[PDB]
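Only the coordinates and a few stated rules stand behind these numbers; no lab work does. Cβ coordinates were reconstructed from backbone atoms using ideal geometry, including for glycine residues, and neighbour counts include every protein chain displayed.
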Amino acid sequence: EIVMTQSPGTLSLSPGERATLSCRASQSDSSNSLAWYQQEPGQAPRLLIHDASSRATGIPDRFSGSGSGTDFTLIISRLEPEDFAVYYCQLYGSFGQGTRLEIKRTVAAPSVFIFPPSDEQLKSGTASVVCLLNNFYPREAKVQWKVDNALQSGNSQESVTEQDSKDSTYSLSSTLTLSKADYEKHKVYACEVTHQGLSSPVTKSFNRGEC
Amino acid sequence: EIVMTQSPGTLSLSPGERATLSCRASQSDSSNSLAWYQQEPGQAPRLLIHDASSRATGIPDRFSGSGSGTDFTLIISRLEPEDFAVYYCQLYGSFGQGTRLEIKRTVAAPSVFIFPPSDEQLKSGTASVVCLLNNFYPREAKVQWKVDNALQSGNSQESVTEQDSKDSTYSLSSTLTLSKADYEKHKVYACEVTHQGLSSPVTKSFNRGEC
Amino acid sequence: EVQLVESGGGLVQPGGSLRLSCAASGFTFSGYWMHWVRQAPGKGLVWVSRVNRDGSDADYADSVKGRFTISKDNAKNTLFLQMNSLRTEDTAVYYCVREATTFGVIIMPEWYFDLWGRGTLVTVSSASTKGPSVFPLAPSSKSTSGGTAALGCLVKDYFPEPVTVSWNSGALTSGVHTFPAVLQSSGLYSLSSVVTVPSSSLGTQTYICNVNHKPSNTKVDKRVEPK
Amino acid sequence: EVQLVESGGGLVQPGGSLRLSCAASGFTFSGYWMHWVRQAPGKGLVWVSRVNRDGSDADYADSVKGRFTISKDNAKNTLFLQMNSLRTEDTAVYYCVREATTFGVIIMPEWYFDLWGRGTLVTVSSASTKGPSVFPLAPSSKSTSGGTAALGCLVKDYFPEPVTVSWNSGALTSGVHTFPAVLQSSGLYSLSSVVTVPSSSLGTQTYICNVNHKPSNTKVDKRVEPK
Amino acid sequence: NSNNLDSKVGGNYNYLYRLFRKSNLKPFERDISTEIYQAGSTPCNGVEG
Amino acid sequence: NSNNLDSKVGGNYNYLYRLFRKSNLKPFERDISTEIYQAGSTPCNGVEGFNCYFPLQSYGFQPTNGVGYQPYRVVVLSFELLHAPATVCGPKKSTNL
Amino acid sequence: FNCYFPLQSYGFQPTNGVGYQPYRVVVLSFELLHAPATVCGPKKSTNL
């Protein structure tokens, strides 16, 4: 019944800068019986604050916030390397969409490598061409294909890897799969990525037949 | 904590047209504790009404709005050529984003002029290419640059100018800054403008080295 | 310590049935309120069921209702969750999650969860177990850029549960790219593990890749050619 | 009449300290609760802080908690707002605003502002003042279209606070485009001010441009060559 | 039920209700007005636009 | 009503109230203490042990609460009708004897 | 019509207001009459 919304959708800050998150109930008031949970991508969620005011024992003193009425807000006093998690809020019956606290860095130029299918893939009956974005920041990109110097969509898939720890940069992959009969007809396959931090969109082409 | 969102973002009205501005407050516990303000772009805001119902001293009688619940609405009886300002609403602990009220006019075809850097700008070490849209309405368009017959983004800066009062039109100026190493490699620099009021997008080419 | 161990789970055809168990150790299982929370792969979580020790109310969400049955056997200290006519969209992982109780004059549970046991995955599909197909990924001339490069492997037609892969018996990392699996048509999980190793290194040391298949015990090893 | 005069503010390195004062004249300053608010350049107003009649209780906002202090004396009739360890996100123009009070049996402020003072600009940055770089922008052949044209000047690397521009000692406007300056990297304020004057007029009257630079009093005049 | 007593062929227009009003209705408050409602950026309340 | 004057964000902890006390209060009795209240069979009020809970609690007056939780300023006037030379009276004007 | 089932449900929802929210009520009714009392408070006995 109750529907919970999170503001903002994403929250990226410096490793030391503090943050606050707002959660909103769809309607009515539930006697301020609200809970906040943080979930690491690999681990299970962990409760941080209960009854929307009191923080559980063992939880660091840093996490401290309160709210009342239809809006409850949770504040974090400082920041340390543990905020790489999604924060869900729980009322009686539903959970919020959540907010991932992203760590902030400088703009990084992506590197794109295109791998065409080899012989073993070709004789299987289908051809898959992959594109690898490497060492790129921030987490927003757009990858398309120029097959026979023409843009086609609705046929490929996208995959985004989670943020790394030591260098805090992620990678993206994109696999376009076509039938061998459709793959042999076209000659030129080109891959480009659009980025706000790039001076120009880097274009890399692929000519079939290798050498 | 309150986010008091003003809707809608921008209304255009003929200089004699009344309208209403609807703003929703997150936590509707104000009990008609609200205010509205009209701030000119070059000066300070003034108070319009108080307690969301009653009006202040020296106010025109046309400004008369009432609202209750989360949805608070302010209604204007008629219009005069003064509404070209920003209306800021005020809950007790928050301020609105502001709504722009524009004088409506017939769609005008923009005129685009591209000015290359001169010799004194050439010897400084940074080249700037400026594109000027003149006598353009309404205030929405996209400007794109072509270096070596290839589009690029993330390197140019765009600016907007407030609408004039004598004819109700605005001019948009954009500058592309680059070092001389890139500028000497390329030869052709083009600028295109897209507008819904134009039959076709307008492109203008420039050849480096003058003549 | 206090922990919950999940038992059961696995591949099941659509319309089938399954039972999940949760053994609780380290605390008094009967007094505390219990719950089930789901987690779809790469999605958010949605609580599945609420059981009082009596279990008379709040037990089933509408969509959950009519298909899951929750049981809390206090006598031999465990939890059951049984399903019928399972549908494709319920493929997820399940968490046995506790509900805090004050244990005063009135138990008064507080509808916030204390601990989360390690998850058990449940998958429902019309596919069957097949051996993955592996082929090397080594860039040839005009495709490798610079001195540094990347060599890897790409698996295909691997329906079974996520596979583990390593290079040279796991003696080196060189920034391993995990590349989590992803589903294609006909119910297939595909993985492409590539390690960034410069191309000017093959010839002095052998380059092999092992793909250990734990569900079907189909451990496969292959070599990479520089083409 | 009743007006509030802001004093203090200006350039200051990040992590420094500053003091802002609001002199009050025309009304009983003791009885009215006070507020301090701010407006970022080109952004909406934002409330900062409130102070009581005696100047002892405050509710500093979350963004300004710990680094701002408010004080309200009654004898000398002015308001203090002291800032320490400033950050780059508070670069704005600060207003001080009154809070209406019923002044009945209970003061009971209604939490709404009546008068807005002439606020002051506070800017935080690591750069320093330097003379702007000026140069003409006159269209040449094949760049000017029709009899009418537009001629202007662009100022560069002008870090100090916004500068005023004029032409022919401000004897003509012909629709002057203000073009407010835009901040670029390394903290540089630049604006290109252009006046629409037809190109077939230079030769009988001289065209001069004046960058009236007030902060450092570096007044510069420039001659525009039609090329 | 008065269906067989208060209906006219092709829709009965002898009975009318208010669709739009500027404000809320107080209990036991009766209002009759004829100024044409305004909903957009075009003059109304006396003129059709 | 003093909701907009005695509230702080995140709950106001500047107004406290004694939640636990060992004995009943007499009329017009004022007590200030911080000894840990005793509720069980374990000694308290000087030693922190079992069932020893802090006797003080915070209202947590949030800036926006329900009418039953908003801060209200309460003043109680106690009138002394004991036989004594009256020192406070109303504005009732005097009259010639 | 004009004939209703005497029993109706409550539909207690967790989101509802505290006015309509369930309350568990226990009534302890004692009688103090002529009879040998079987239930007494926890008061220790004393020597006769």
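Odds and ends about this structure:
- In region A:6-95, the trypsin sites (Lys or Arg not before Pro) that fall in loop regions by DSSP, at most 15 other Cβ within 10 Å: A:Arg18, A:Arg62, A:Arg78
- Relative contact order, whole percent, for region B:58-211 stands at 18, derived from Cα pairs under 8 Å and 6 or more residues apart.
- Sequence-separation-based contact order of region D:166-227, relative, with Cα cut under 8 Å and 6+ spacing, percent: 31
- Averaging the sequence gap over all C-alpha pairs within less than 8 Å and six or more residues apart, then dividing by the number of residues, gives region D:1-149 a relative contact order of 28 percent.
- Radius 13 Å from Cβ of A:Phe206, net charge of other residues (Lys, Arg +1; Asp, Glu -1): +2
- Selection from F:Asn12, F:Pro55, F:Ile36, by position along the positive dipole direction of chain F (Cβ): F:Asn12
- Taking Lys and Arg as +1 and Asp and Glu as -1, the other residues whose beta-carbon sits under 11 Å from that of A:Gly69 total -3.
- Based on the Kirkwood approach, the hydrodynamic radius assigned to region C:70-227 is 19.7 Å, with every pair of different Cα atoms included.
- Cα gyration tensor category, rounded, prolate or oblate, for chain F with a/c compared to 1.5: oblate
- Helical runs (DSSP H, four residues minimum) scored at -39500 (n - 2.57) apiece and divided by the length of the protein assembly as shown put the mean residue ellipticity at 222 nm at -500 deg cm²/dmol.
- Residue order, fewest to most beta carbons within 10 Å, for A:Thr57, D:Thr178: A:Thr57, D:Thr178
- For chain E: rounded, prolate or oblate by the Cα gyration tensor [a/c cutoff 1.5]: oblate
- In region B:69-148, the GluC sites (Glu not before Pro) that fall in loop regions by DSSP, at most 11 other Cβ within 10 Å: B:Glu82, B:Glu140
- Three-way shape call for the protein assembly as shown based on the alpha-carbon gyration tensor, with the a/c threshold at 1.5: oblate
- Out-of-range pairs (alpha-carbon distance over 20 Å; input B:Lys166/B:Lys204; D:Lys130/D:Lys156; A:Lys104/B:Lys142; A:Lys146/C:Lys43; A:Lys180/C:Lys142; A:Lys204/B:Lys180): B:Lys166/B:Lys204; A:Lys104/B:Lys142; A:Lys146/C:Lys43; A:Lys180/C:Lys142; A:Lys204/B:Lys180
- Net dipole in debye of the protein assembly as shown [+1 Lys, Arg Cβ; -1 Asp, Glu Cβ; about Cα centre; nearest 20]: 720
- As a proxy for reagent exposure, ranking A:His50, F:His83, C:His177 by other Cβ atoms within 10 Å from fewest up yields F:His83, C:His177, A:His50.
- Within a Gaussian network of chain C (alpha carbon springs, distance under 10 Å), most fluctuating of C:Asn210, C:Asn168, C:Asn52: C:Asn168
- Of all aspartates and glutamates in the structure, those lying under 15 Å Cα to Cα from C:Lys227, and not within fewer than 8 positions of it along the same chain, are A:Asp119, A:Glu120, A:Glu210.
- Shielding by other protein chains, B:112-121, mean Cβ within 10 Å: 5
- Dipole of region D:155-227, positive end: most advanced residue of D:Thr206, D:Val194, D:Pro162 [Cβ charges, Cα centre]: D:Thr206
- Positive minus negative residues near F:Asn14 (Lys, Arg vs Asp, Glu; Cβ under 12 Å): -2
- Region C:14-54: trypsin sites (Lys or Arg not before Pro) in DSSP loop, at most 12 other beta carbons within 10 Å: C:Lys43
- In this assembly of identical copies, the label point of C:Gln205 (Cα plus 7 Å along Cα-to-Cβ) is separated from its counterparts by 8.0 nm, sorted shortest first.
- Mean-position separation - Cα centroids, region B:169-204 and region D:121-146, in angstrom: 18
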